[PDB]
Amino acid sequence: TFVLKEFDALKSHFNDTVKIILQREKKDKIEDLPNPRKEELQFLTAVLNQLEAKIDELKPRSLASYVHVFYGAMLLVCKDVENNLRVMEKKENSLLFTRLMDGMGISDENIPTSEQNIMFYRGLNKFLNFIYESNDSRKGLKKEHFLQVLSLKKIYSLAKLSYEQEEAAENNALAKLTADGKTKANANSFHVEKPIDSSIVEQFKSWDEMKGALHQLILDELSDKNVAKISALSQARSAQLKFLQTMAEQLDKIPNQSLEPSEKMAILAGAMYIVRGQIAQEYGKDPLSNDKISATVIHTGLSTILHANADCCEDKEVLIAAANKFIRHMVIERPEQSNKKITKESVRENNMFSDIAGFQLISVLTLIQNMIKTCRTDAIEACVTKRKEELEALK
């Protein structure tokens, strides 16, 4: 089982790697290297510096979190190297690639687990929020951030790549789950770690009004399609609407003391974004497209209820992530802390969606990962666009 390296071993091995590359290219400074090696090593050096500064500033008792971040950064650079290889050139014959893999202890016989890869890229992606004012991309990039050595285009390219890597890791884990979990879900044991910002769900007015809007949309659909019940719609649309119904009713059963109405609103809003993205895909559009698709009543109505065209990508990510958390709590059984009656993580054989004909649970969780990746990428793109327009308004 793959054991991680210690922080100082990764640091010393990495500085050796810089010396090796510089002597191999006959350059005195990283900045004298050609691209993309220069930007890859500047990135890794900025990450390592920021990690060290945070270690001095915070003096943490454990370094596992920082080790996770650095693993993520080094694997990200490895992916960048693979993306910049010449045709026929193998990654195992790149000095930087093999030096990074060697420094992490990764070989064909010793590879990290899926959970470890997910920790790597999740840690790195959280770490990269340090470039935002108050760690919130709504406020834009910091005037001085720890990746200032890189160009805006490179910052965007690397952040985008990292979000894609977390997406791919999460999806890989999802594809290896099995649907043989025997335990019973407990909605009343679901709790949010951080309460949602109430302003985000204020746009939806109230829980009763969200349920009412969904109901009027379903009545509109049934009347437009000349049918009496959701089950007379197509398999895809029937499954989508029953998915929304099931979410809303399951949330309705939970007492407010255990899950406040604002949280229910966030979860149902995320679910609506999921259905909206599925339909958009039926039209060959990106799940989060803001195009009007006049031919579909459900996509148009959900877009209206969500205020999707006017809402920022960060709010969308928060709502979709809220739905993700609730769905996973309801359909994924995982080993308990006080218990030993569960061995591995799996999908419950009987969960709240089991009676929905043709429902594709894994496809929904994968779509969630895609939309979260798109939200993060939209955030960074908006920030670098804004900074670029600020620095162009002085030339």
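Note that residue numbering follows the sequence shown and begins at 1.
The mean C-alpha temperature factor is higher for 381-389 when 381-389 and 368-376 are set side by side. Here 250-258 and 208-216 are compared by their mean Cα B-factor, and 250-258 comes out higher. Each of 357, 63, 44, 331 has a CA temperature factor in the record; the biggest one is found at 63.
Of the candidates 92, 164, 170, 286, it is 92 whose Cα B-factor is highest according to the PDB record.
Placement of the Cα temperature factor of residue 312 within the chain: middle third of the modelled residues, per the deposited record. Among all modelled residues in its chain, residue 181 ranks in the highest third by Cα B-factor. Sort the chain's modelled residues by C-alpha temperature factor and residue 86 lands in the highest third, per the entry. Residue 270 sits in the lowest third of its chain by CA B factor, as recorded in the PDB entry.
Ranked by Cα temperature factor within the chain, residue 148 sits in the highest third according to the deposited record.
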